[PDB]
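*Asks:* Input: one structure, supplied below.
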Amino acid sequence: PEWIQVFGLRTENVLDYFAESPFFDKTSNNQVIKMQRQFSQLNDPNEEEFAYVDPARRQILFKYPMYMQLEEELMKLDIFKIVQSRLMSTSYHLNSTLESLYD
Amino acid sequence: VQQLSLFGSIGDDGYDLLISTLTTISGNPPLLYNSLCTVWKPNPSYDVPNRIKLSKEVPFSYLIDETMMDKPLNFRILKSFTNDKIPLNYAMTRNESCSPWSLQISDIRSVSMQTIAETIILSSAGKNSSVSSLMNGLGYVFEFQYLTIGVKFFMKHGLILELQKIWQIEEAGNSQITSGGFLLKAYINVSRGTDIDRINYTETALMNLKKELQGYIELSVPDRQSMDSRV
Amino acid sequence: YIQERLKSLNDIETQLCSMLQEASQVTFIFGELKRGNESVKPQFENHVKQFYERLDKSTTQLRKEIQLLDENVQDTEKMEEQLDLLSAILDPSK
Amino acid sequence: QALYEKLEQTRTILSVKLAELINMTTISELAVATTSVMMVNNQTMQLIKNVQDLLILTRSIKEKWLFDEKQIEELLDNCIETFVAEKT
Amino acid sequence: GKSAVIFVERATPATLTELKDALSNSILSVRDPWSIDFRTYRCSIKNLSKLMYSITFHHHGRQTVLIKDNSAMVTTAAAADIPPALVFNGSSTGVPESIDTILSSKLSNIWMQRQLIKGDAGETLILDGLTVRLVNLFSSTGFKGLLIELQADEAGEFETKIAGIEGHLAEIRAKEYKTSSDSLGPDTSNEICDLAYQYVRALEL
Amino acid sequence: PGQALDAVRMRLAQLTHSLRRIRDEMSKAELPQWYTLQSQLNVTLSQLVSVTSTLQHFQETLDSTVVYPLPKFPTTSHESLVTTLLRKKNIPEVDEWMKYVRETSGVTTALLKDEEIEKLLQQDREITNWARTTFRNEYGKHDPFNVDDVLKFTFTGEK
Ligand SMILES: [Se]
Ligand SMILES: [Se]
Ligand SMILES: [Se]
Ligand SMILES: [Se]
Ligand SMILES: [Se]
Ligand SMILES: [Se]
Ligand SMILES: [Se]
Ligand SMILES: [Se]
Ligand SMILES: [Se]
Ligand SMILES: [Se]
Ligand SMILES: [Se]
Ligand SMILES: [Se]
Ligand SMILES: [Se]
Ligand SMILES: [Se]
Ligand SMILES: [Se]
Ligand SMILES: [Se]
Ligand SMILES: [Se]
Ligand SMILES: [Se]
Ligand SMILES: [Se]
Ligand SMILES: [Se]
Ligand SMILES: [Se]
Ligand SMILES: [Se]
Ligand SMILES: [Se]
Ligand SMILES: [Se]
């Protein structure tokens, strides 16, 4: 992420979402389909809960105040190995301690 | 006094080794002591179990009577006797003064130890004086009789091992059951009810030899049904 | 029974001549397929193979000296050393 | 010893097993870096294992090693002239 | 004539110490202390001398024997009094037993001990050629008596020795208690055995 | 997610139990014990790590898809930052030793060749293979008296 952000940003919550994509500097295009909305937020600036459920996001997303804006644009949409590569490194310290035992 | 014991056997030929391998390993060679154990039931007709026992050791001229047993020697009686088994027919019952004679009593999860309490004797005389008469006259009449020899090798902690061969003399003639090979025996007669922590250190000195001795011949202890003096 | 146990002893000893020697024909074919860039693969192994197992042909020279040791091969009697002092005291007066 | 035969002929099978998985030294990402010193240790382990069964059986081939008296005549005849030719 | 013995059914331990003063002229040495027991083994068998009798005595060690109807033998609990050659046959147990712990505890079904009495801490004093040792008994009846012994070196002086016993015992100024001099076998070979018949027979048992 | 992925973890627990005993024997120093026994009992417990390291390579599609950290619920407010380098895994110096695998990678190497050099790497392994069927082919080249009871029952008189 980035620190010069929260120093002047004053994060909060849903305005702390952007301080991520921009901080990590990892979002490209399909996270930039949410950049077409804030680029049509800046470019623009110039029951039904049974018609709703995402339920991947309806049984998760739950209570968010506006992802809605990106939810309607979410309406229009369409490494367990690396924890074991440092336990490969658990093998080497037994490999060289077993090897330095050999002497 | 509670004592414990066990035994095994091997051919006559591979007893040449074992005898001087009881000389190498024991630190002492086997030595000959003749032992004849005889039986008496209590007088069987009494009616109102341990049968009566007896023993002795005896003139070397009297055991083998043929030319003083073909010249003198110590272990020369080893290769001599198998089916030749009568040195003496027992001369029947034998035994009016009794000569020195002795007995004892022993009664019954690694090993087995019987409580053995003992005694000795000197001589007899009178109305029924003799040994057969002051035997059944004591109320105990003959069941049987038995005999043997032995070769023993001294050891640590008062341990001794006598390789033996036996004979049985009776009404129909006497014959040696030593047939088929040779035998051995060893024991420790404890202070009566002596410490069992010496009854756990009595076994483990014998476990050395039991699984050391295992493999020339196995080390194993015989059945109880056959153990009791019971008749 | 000294013969059965030295019988199994040269009966395990001849199972070492099929042991160290197969460590020969192991090194041989590594030079025939040889002449290649990487043909030094078997050179770290084979040469660790017949460098290693060629000391298992050292252990095959100790066996026959044991069966050539059958060809080549409190508590005292020193009581007879009192035969030794004895002869000496008969030597002093004689 | 029939058990030196059962273990050291399973050690003979071990010389048989020791040449087996060693030359057998074979031609995943994390685990194929693994198996490569796995046999440097366990091919050469078992190699010092039959090297150890080489020594065990090299020096355990080594554990396969394992009167004029004239009675008392020349006794008491020289048992006097020793001491009475000693003090007299 | 190397042995003899006798007992009293009328006496007290306080008549035990007295005869010292008049026998203190003949006593040169006070030797080591004895001890003892006696008991009767009653066979539990049915019908058919039917009374079995036992005894024990310690003077420098112990040994045991029994007599029923003129047939007897001797025994021991000891290794010394037993030729070591008995253990040379290996025949010897080395685990010696009280005969009264053999018969009473092992044999309890038939012959259990039917009587017990004794007296302890005996002593010695030396009468020339025949020793004299002394000790007292106590019954279940309270005090049951006193008893003493003598043993002669020379055989032929046994007539003057049995004559000299009642002559220092006439000075008893006391009332009769008697003895037996008899020998079991016409043989009577043991100076050890023949005072036991003057013991059991003179104990009227 | 991975109904059977947890049965892989209990097999990480069986293999981790190979560490348990091992490390409590380390502390069991400095007084010396049973090299043969322990060494073999340490080697044997090591092997299985690789064989559970093996049974993972059949599941290697889920360490690639990786199944990865959808997994962190707890909200451990900060102090899980140590569970973060712990959750984190990643590569230790062992990585410093991975580039030593990279300089042992030596040369080589690409940039080196594209293909036909690689097809001379695979055609380079495959010829090590045939030397082994020439190997196994030369290998098969040299390849009475009654039990003493009744005698004590004969000490009971029994015949
Ligand atoms: Se928002
Ligand atoms: Se855009
Ligand atoms: Se929403
Ligand atoms: Se939707
Ligand atoms: Se080490
Ligand atoms: Se090693
Ligand atoms: Se060292
Ligand atoms: Se022994
Ligand atoms: Se003989
Ligand atoms: Se026992
Ligand atoms: Se008897
Ligand atoms: Se045992
Ligand atoms: Se027994
Ligand atoms: Se080898
Ligand atoms: Se030699
Ligand atoms: Se000697
Ligand atoms: Se390997
Ligand atoms: Se790895
Ligand atoms: Se391995
Ligand atoms: Se001498
Ligand atoms: Se498991
Ligand atoms: Se640990
Ligand atoms: Se370790
Ligand atoms: Se790596």
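The numbers here are math on the coordinates, done by the rules we state, and not lab data. Cβ placement follows ideal geometry from the backbone for every residue including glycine, while neighbour counts extend to all protein chains displayed.
*Asks:* Give the residues of segment A:58-87 that are surrounded by 14 or more Cβ atoms within 10 Å (Cβ to Cβ), charged (D, E, K, R) and either within 16 Å of ligand 9 (Cβ to nearest atom) or away from chain F (no Cβ under 14 Å) (or both), sorted by residue number.
*Replies:* A:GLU71, A:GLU73
*Asks:* Consider segment B:37-85. How many of its residues are surrounded by 13 or more Cβ atoms within 10 Å (Cβ to Cβ) and within 30 Å of E:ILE45 (Cβ to Cβ)?
*Replies:* Within segment B:37-85, residues that are surrounded by 13 or more Cβ atoms within 10 Å (Cβ to Cβ) and within 30 Å of E:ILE45 (Cβ to Cβ) number 16.
*Asks:* Among the residues of segment F:47-97, what is the count of those that are at the interface with another protein chain (Cβ under 10 Å from one of its Cβ atoms), among the β-branched types (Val, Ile, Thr) and either farther than 21 Å from F:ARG11 by Cβ or within 16 Å of ligand 11 (Cβ to nearest atom) (or both)?
*Replies:* Qualifying residue count, segment F:47-97: 2.
*Asks:* Which fully enclosed strands (runs of 3 or more DSSP E) of segment E:30-94 have 1 or more residues being of a type in the set (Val, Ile, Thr) and touching a helix residue (DSSP H, G or I) at 6+ places or on another chain (Cβ under 8 Å)?
*Replies:* Filter on segment E:30-94 gives E:52-57, E:64-68.
*Asks:* In this structure, does D:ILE22 turn out to be surrounded by 15 or more Cβ atoms within 10 Å (Cβ to Cβ) and within 22 Å of C:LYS41 (Cα to Cα)?
*Replies:* So D:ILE22 passes the test.
*Asks:* Right, here's the next one. Within segment A:88-103, which residues are more than 8 Å from chain F (Cβ to nearest Cβ) and assigned to a loop (DSSP other than H, G, I, E, B)?
*Replies:* Passing the criteria: only A:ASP103.
*Asks:* Still on this structure: Show the residue pairs meeting these rules: Cβ distance below 6 Å; 6+ apart or different chains; first residue within segment C:58-77 and within 21 Å of C:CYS17 (Cα to Cα); second residue more than 16 Å from ligand 8 (Cβ to nearest atom) and in a loop (DSSP other than H, G, I, E, B).
*Replies:* C:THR60/C:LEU16; C:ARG63/C:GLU13; C:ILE66/D:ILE61; C:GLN67/C:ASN10
*Asks:* Can you name every one of the helices (runs of 4 or more DSSP H) wholly within segment D:1-68 that holds 1 or more residues which are within 25 Å of C:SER8 (Cβ to Cβ), within 16 Å of ligand 24 (Cβ to nearest atom) and charged (D, E, K, R)? Before you say what the answer is, go through the steps one by one.
*Replies:* Numbers: elements: D:3-8, D:12-18, D:31-59.
Those helices (runs of 4 or more DSSP H) do not exist here; none qualify.
*Asks:* Quick one: would you say B:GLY137 is surrounded by 16 or more Cβ atoms within 10 Å (Cβ to Cβ) and either of a type in the set (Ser, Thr, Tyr) or over 26 Å from F:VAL150 (Cα atoms) (or both)? Talk me through it step by step, then tell me what you get.
*Replies:* Values: surrounded by 16 or more Cβ atoms within 10 Å (Cβ to Cβ): yes; either of a type in the set (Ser, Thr, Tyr) or over 26 Å from F:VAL150 (Cα atoms) (or both): yes.
Yes, satisfied.
*Asks:* What about D:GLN43, is it within 16 Å of ligand 6 (Cβ to nearest atom), more than 9 Å from every other protein chain (Cβ to nearest Cβ) and of a type in the set (S, T, N, Q)?
*Replies:* When the stated conditions are applied, D:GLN43 passes them.
*Asks:* Next question, about the same structure. I'd like to check which helices (runs of 4 or more DSSP H) are fully inside segment C:35-94 and have at least 1 residues that are among the hydrophobic types (A, V, I, L, M, F, W, C) and within 30 Å of D:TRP65 (Cβ to Cβ).
*Replies:* Per the criteria, C:64-67.
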